[PDB]
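Here is what each chain is made of, one letter per residue.
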Amino acid sequence: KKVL
Amino acid sequence: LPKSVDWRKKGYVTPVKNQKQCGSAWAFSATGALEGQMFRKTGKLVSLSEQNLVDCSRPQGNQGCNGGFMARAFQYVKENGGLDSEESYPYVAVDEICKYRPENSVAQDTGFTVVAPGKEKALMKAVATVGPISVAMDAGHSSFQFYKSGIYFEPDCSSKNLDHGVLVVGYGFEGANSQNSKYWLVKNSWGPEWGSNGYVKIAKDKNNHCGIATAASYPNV
Amino acid sequence: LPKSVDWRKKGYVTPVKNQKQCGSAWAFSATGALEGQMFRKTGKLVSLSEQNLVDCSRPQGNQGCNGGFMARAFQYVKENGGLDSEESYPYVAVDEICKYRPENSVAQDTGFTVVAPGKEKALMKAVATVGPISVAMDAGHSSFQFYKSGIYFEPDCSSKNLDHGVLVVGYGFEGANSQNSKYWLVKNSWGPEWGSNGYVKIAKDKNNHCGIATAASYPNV
Ligand SMILES: [Cl-]
Ligand SMILES: [Cl-]
Ligand SMILES: [N]
Ligand SMILES: [N]
């Protein structure tokens with residue numbers, strides 16, 4: 001889950 | 001390559017959307033790019049479901065409102081055999097049960113193409129020849145949050161540690177010289193009210209400012 | 001009718017453009033209305049050439065950078081059999097020789113419809129049922145040049161002597177009462193840096209403020  | 005490009009002016013881009021309080025920018029960046037490629041293929045602009053991606057792509061490595069990546073979304077659309085429309089699978093900005101319906105699919109992809117990392121000219125070529133491109137960037141700054149107009153340039157930006165997915169819909173330049181004051185035309189997913197009607201001009205050919213060319217990709221339709 | 005309308009959210013409106021130092025607002029207002037009517041007819045939003053209107057519609061009574069009229073622009077399109085895309089016939093903000101080519105045409109019209117003059121309720125009905133509407137206004141005040149946000153109201157505004165063509169893309173109201181603080185949603189052609197990212201809210205139902213409903217029209221496609 002890196003890009004928010 | 002053209003001195004400037006703006007796919008919004010050719011019918012490839014849907015109106016600006018809003019992810020609200022959910023970490024789904026990766027899903028809006030992916031639907032943006034697939035909207036453009038589906039338009040290039042069929043001539044029809046159809047808004048695509050970010051919610052379908054948020055609820056259904058955990059197997060591919062996404063985490064819904066807790067984060068994700070555009071390449072994993074395109075991988076999901078390939079493995080799944082389709083993606084539903086925005087209309088039929090509406091956005092609610094919370095993790096919900098996957099309700100993918102094949103009868104409502106309006107898009108497909110066979111995988112995706114990656115732009116060479118860090119290469120702004122490779123990205124320029126992709127934007128000019130393909131259509132809108134999904135990209136990641138460092139948006140972790142109050143200067144971005146309250147951006148209103150002009151070419152955005154942030155000294156504290158990183159080209160390596162990125163935290164937001166957006167869509168490059170074109171590039172351009174200010175003034176009469178096409179070789180200076182260059183910018184990337186970027187569509188955000190914070191609503192039309194944010195920025196410049198939902199868009200931001202990011203400094204172009206200034207050492208990969210904010211990482212725009214670090215992790216760019218587009219779906220193969 | 002709806003208490004609010006915003007055609008930008010439905011795919012009818014191209015990005016904000018900039019006429020620069022050429023008195024061609026009439027051509028931007030005309031392409032904006034033709035863009036919305038061609039989108040309604042085909043589902044494809046394609047930017048149209050103001051330069052084609054500036055260089056080619058002198059026979060219809062327009063005067064290029066020296067001014068003109070949206071209705072003469074729609075007459076030129078009907079008489080000429082077509083109008084080129086902005087991509088094929090780029091804007092340079094000066095009067096030049098006509099370069100129209102039918103092969104590059106992406107729009108047509110059979111004439112135009114005039115809204116009842118002076119009737120803001122007639123204009124509200126046309127905006128709600130047709131799409132963006134071409135209108136003329138009194139922009140000859142410094143308060144308009146320096147407008148930034150909020151509902152524009154200029155005490156010295158004329159409803160009869162108009163000097164600028166713009167595009168009404170919707171209407172709405174501020175506050176929680178739909179009859180309170182009403183406004184027209186207007187796209188200008190002075191670039192995204194002017195006003196509210198290129199748009200302005202003009203006071204609505206305040207006696208045809210600034211002449212917004214005096215000379216409104218749209219192309220028939
Ligand atoms: Cl990615
Ligand atoms: Cl007119
Ligand atoms: N993000
Ligand atoms: N104008």
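Method of determination, as given in the entry header: X-ray crystallography; reported resolution: 1.52 Å.

The name the PDB entry gives chain B is Cathepsin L2, with Homo sapiens as the organism. Here is the UniProt Function comment for chain B, exactly as written: "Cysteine protease. May have an important role in corneal physiology." Regarding chain B, the UniProt comment filed under Subcellular location reads as follows: "Lysosome".

Undergrad: Quick rundown of the interface of chain B and chain C? Include the residues and the values.
TA: Facing 15 residues of chain B, the contacting portion of chain C comprises 16 residues. Approximately 1200 Å² of surface area, both sides summed, lies buried where chain B meets chain C, with 50% of it carried by carbon and sulfur atoms. Sorting the residues of chain B by area buried against chain C places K9, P15 and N197 of chain B first, and these three jointly supply 41% of that buried surface. At the surface where chain B touches chain C, the tally comes to 3 salt bridges. We note a salt bridge from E193 of chain C to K201 of chain B, for which the minimum N-O separation is 3.2 Å.

Undergrad: Go over the pairing of strand β7 (residues 164-173) of chain C, please, and point to the residues and values.
TA: Residue and element names in this part refer to chain C. Across the 10 residues of β7, 9 count as buried, placing the element largely inside the fold. Across 2 bridges, strand β1 (residues 5-6) lies against β7 in antiparallel orientation. By the bridge assignment, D6 is partnered in β7 with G170. Strand direction decides the pairing type here: strand β5 (residues 133-137) and β7, joined by 5 bridges, are antiparallel. Paired with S134 across the two strands is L167, which belongs to β7.

Undergrad: Report on the state of the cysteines, specifying residues and quantitative values.
TA: Residue and element names in this part refer to chain B. Following the criterion strictly, the structure yields 6 disulfides over all chains and no others. Sulfur-sulfur distance for the disulfide between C22 and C65 comes to 2.0 Å. Taking the sign of the S-S torsion, about -85° here, the bridge from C22 to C65 comes out left-handed. With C22 in the loop between β1 (5-6) and α1 (25-42) and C65 in the loop between α2 (50-56) and α3 (70-80), this pair connects stretches of sequence that are 43 residues apart. Overall, the relative accessible area of 4% leaves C22 in the buried class. Overall, the relative accessible area of 17% leaves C65 in the buried class. Here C56 pairs with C98 through a disulfide, and the sulfurs are 2.0 Å apart.

About the thresholds
Residues numbered from 1 in each chain as written, not as in the entry; some residues may be left out. Chains lettered and ligands numbered in written order. Heavy atoms only, no water. UniProt positions renumbered as here; feature names shortened; annotations may be inferred. Contact = heavy atoms within 4.5 Å. Buried area = accessible area lost by both parts, 1.4 Å probe. Salt bridge = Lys/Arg side-chain N within 4 Å of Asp/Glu carboxyl O. Buried < 20%, exposed > 50% of the residue type's maximum accessible area, 1.4 Å probe, protein only. Helix = DSSP H or I, 4+ residues; strand = E, 2+ residues; numbered from the N terminus. Pairing = 2+ DSSP bridges. Disulfide = S-S within 2.5 Å.

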